[PDB]
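Notes for the one structure printed next.
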Amino acid sequence: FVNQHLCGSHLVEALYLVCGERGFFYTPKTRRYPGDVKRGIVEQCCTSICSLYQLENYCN
């Protein structure tokens with residue numbers, strides 16, 4: 001039984017496994033340019049373990 005922070009390659013793998021259905025758009029705030037080597041969502045789980053309930057909210 002292990003529980004690493006949802007980040008890096010594991011985070012993307014976790015999103016597809018947690019969302020299950022393949023019809024979710026996963027559209028975030030975008031903030032004009034959604035790049036510039038930054039995300040915010042990853043940092044939140046990188047520093048602390050994110051709860052399953054919050055991941056479900058992002059997967060609308």
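Residues in the structure tokens are numbered from 1 in each chain, the chains being A, B, ... in the order shown, and ligands are numbered from 1 in the order shown.
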
(message) Which residues are close to range 39-48 of chain A, i.e. within 6 Å by only C-alpha atoms, leaving aside same-chain residues fewer than 3 positions away? Reply as number ranges by chain.
(response) A: 5-7

Running DSSP on the backbone, which parts of chain A land in alpha helix (DSSP H), as a PDB file with N, CA and C atoms, in the first residue's frame?
```pdb
ATOM      1  N   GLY A   8       4.003  14.819 -11.812  1.00  0.00           N
ATOM      2  CA  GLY A   8       4.879  14.209 -12.859  1.00  0.00           C
ATOM      3  C   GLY A   8       4.060  13.263 -13.751  1.00  0.00           C
ATOM      4  N   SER A   9       4.622  12.141 -14.118  1.00  0.00           N
ATOM      5  CA  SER A   9       3.891  11.177 -15.004  1.00  0.00           C
ATOM      6  C   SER A   9       2.758  10.474 -14.251  1.00  0.00           C
ATOM      7  N   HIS A  10       2.920  10.270 -12.972  1.00  0.00           N
ATOM      8  CA  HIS A  10       1.865   9.568 -12.176  1.00  0.00           C
ATOM      9  C   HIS A  10       0.559  10.375 -12.157  1.00  0.00           C
ATOM     10  N   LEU A  11       0.648  11.680 -12.114  1.00  0.00           N
ATOM     11  CA  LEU A  11      -0.595  12.522 -12.078  1.00  0.00           C
ATOM     12  C   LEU A  11      -1.457  12.275 -13.324  1.00  0.00           C
ATOM     13  N   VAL A  12      -0.873  12.336 -14.497  1.00  0.00           N
ATOM     14  CA  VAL A  12      -1.671  12.097 -15.747  1.00  0.00           C
ATOM     15  C   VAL A  12      -2.264  10.691 -15.688  1.00  0.00           C
ATOM     16  N   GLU A  13      -1.468   9.727 -15.313  1.00  0.00           N
ATOM     17  CA  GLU A  13      -1.979   8.330 -15.210  1.00  0.00           C
ATOM     18  C   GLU A  13      -3.121   8.284 -14.193  1.00  0.00           C
ATOM     19  N   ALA A  14      -2.973   9.006 -13.112  1.00  0.00           N
ATOM     20  CA  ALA A  14      -4.035   9.031 -12.069  1.00  0.00           C
ATOM     21  C   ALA A  14      -5.318   9.678 -12.611  1.00  0.00           C
ATOM     22  N   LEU A  15      -5.194  10.737 -13.380  1.00  0.00           N
ATOM     23  CA  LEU A  15      -6.416  11.416 -13.923  1.00  0.00           C
ATOM     24  C   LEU A  15      -7.246  10.468 -14.791  1.00  0.00           C
ATOM     25  N   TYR A  16      -6.628   9.796 -15.730  1.00  0.00           N
ATOM     26  CA  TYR A  16      -7.400   8.854 -16.599  1.00  0.00           C
ATOM     27  C   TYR A  16      -7.998   7.724 -15.756  1.00  0.00           C
ATOM     28  N   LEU A  17      -7.255   7.227 -14.799  1.00  0.00           N
ATOM     29  CA  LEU A  17      -7.772   6.123 -13.937  1.00  0.00           C
ATOM     30  C   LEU A  17      -8.887   6.621 -13.004  1.00  0.00           C
ATOM     31  N   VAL A  18      -8.731   7.799 -12.452  1.00  0.00           N
ATOM     32  CA  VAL A  18      -9.765   8.344 -11.512  1.00  0.00           C
ATOM     33  C   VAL A  18     -11.030   8.795 -12.260  1.00  0.00           C
ATOM     34  N   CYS A  19     -10.874   9.413 -13.403  1.00  0.00           N
ATOM     35  CA  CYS A  19     -12.069   9.905 -14.162  1.00  0.00           C
ATOM     36  C   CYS A  19     -12.873   8.733 -14.737  1.00  0.00           C
ATOM     37  N   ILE A  41      -2.234  23.403 -10.314  1.00  0.00           N
ATOM     38  CA  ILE A  41      -2.915  22.149  -9.857  1.00  0.00           C
ATOM     39  C   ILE A  41      -1.858  21.123  -9.430  1.00  0.00           C
ATOM     40  N   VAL A  42      -0.846  20.951 -10.239  1.00  0.00           N
ATOM     41  CA  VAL A  42       0.241  19.976  -9.909  1.00  0.00           C
ATOM     42  C   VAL A  42       0.954  20.397  -8.618  1.00  0.00           C
ATOM     43  N   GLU A  43       1.220  21.668  -8.471  1.00  0.00           N
ATOM     44  CA  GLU A  43       1.913  22.164  -7.245  1.00  0.00           C
ATOM     45  C   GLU A  43       1.094  21.839  -5.998  1.00  0.00           C
ATOM     46  N   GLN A  44      -0.202  21.966  -6.088  1.00  0.00           N
ATOM     47  CA  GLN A  44      -1.071  21.686  -4.906  1.00  0.00           C
ATOM     48  C   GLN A  44      -0.891  20.233  -4.443  1.00  0.00           C
ATOM     49  N   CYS A  45      -0.843  19.298  -5.362  1.00  0.00           N
ATOM     50  CA  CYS A  45      -0.662  17.867  -4.963  1.00  0.00           C
ATOM     51  C   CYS A  45       0.829  17.560  -4.771  1.00  0.00           C
ATOM     52  N   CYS A  46       1.686  18.247  -5.483  1.00  0.00           N
ATOM     53  CA  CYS A  46       3.158  18.003  -5.336  1.00  0.00           C
ATOM     54  C   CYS A  46       3.605  18.291  -3.900  1.00  0.00           C
ATOM     55  N   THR A  47       3.152  19.385  -3.339  1.00  0.00           N
ATOM     56  CA  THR A  47       3.553  19.744  -1.943  1.00  0.00           C
ATOM     57  C   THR A  47       2.794  18.893  -0.919  1.00  0.00           C
ATOM     58  N   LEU A  52      -9.236  12.563  -2.759  1.00  0.00           N
ATOM     59  CA  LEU A  52      -9.991  12.035  -3.933  1.00  0.00           C
ATOM     60  C   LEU A  52     -11.141  12.985  -4.300  1.00  0.00           C
ATOM     61  N   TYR A  53     -11.782  13.559  -3.315  1.00  0.00           N
ATOM     62  CA  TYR A  53     -12.940  14.469  -3.588  1.00  0.00           C
ATOM     63  C   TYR A  53     -12.517  15.659  -4.462  1.00  0.00           C
ATOM     64  N   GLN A  54     -11.362  16.228  -4.214  1.00  0.00           N
ATOM     65  CA  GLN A  54     -10.922  17.392  -5.040  1.00  0.00           C
ATOM     66  C   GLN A  54     -10.650  16.949  -6.478  1.00  0.00           C
ATOM     67  N   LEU A  55     -10.052  15.796  -6.661  1.00  0.00           N
ATOM     68  CA  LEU A  55      -9.774  15.309  -8.049  1.00  0.00           C
ATOM     69  C   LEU A  55     -11.092  15.158  -8.816  1.00  0.00           C
ATOM     70  N   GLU A  56     -12.104  14.645  -8.163  1.00  0.00           N
ATOM     71  CA  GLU A  56     -13.434  14.476  -8.828  1.00  0.00           C
ATOM     72  C   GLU A  56     -13.975  15.831  -9.285  1.00  0.00           C
ATOM     73  N   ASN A  57     -13.802  16.852  -8.480  1.00  0.00           N
ATOM     74  CA  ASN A  57     -14.309  18.207  -8.866  1.00  0.00           C
ATOM     75  C   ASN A  57     -13.637  18.659 -10.166  1.00  0.00           C
ATOM     76  N   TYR A  58     -12.340  18.502 -10.253  1.00  0.00           N
ATOM     77  CA  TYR A  58     -11.614  18.899 -11.498  1.00  0.00           C
ATOM     78  C   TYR A  58     -12.106  18.072 -12.690  1.00  0.00           C
TER      79      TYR A  58
END
```

(request) Take CA of residue 27 in chain A and CA of residue 2 in chain A and report the distance between them in Å, one decimal. (result) 29.2 Å

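Atom to atom, CA of residue 20 in chain A and CA of residue 60 in chain A stand 11.7 Å apart.
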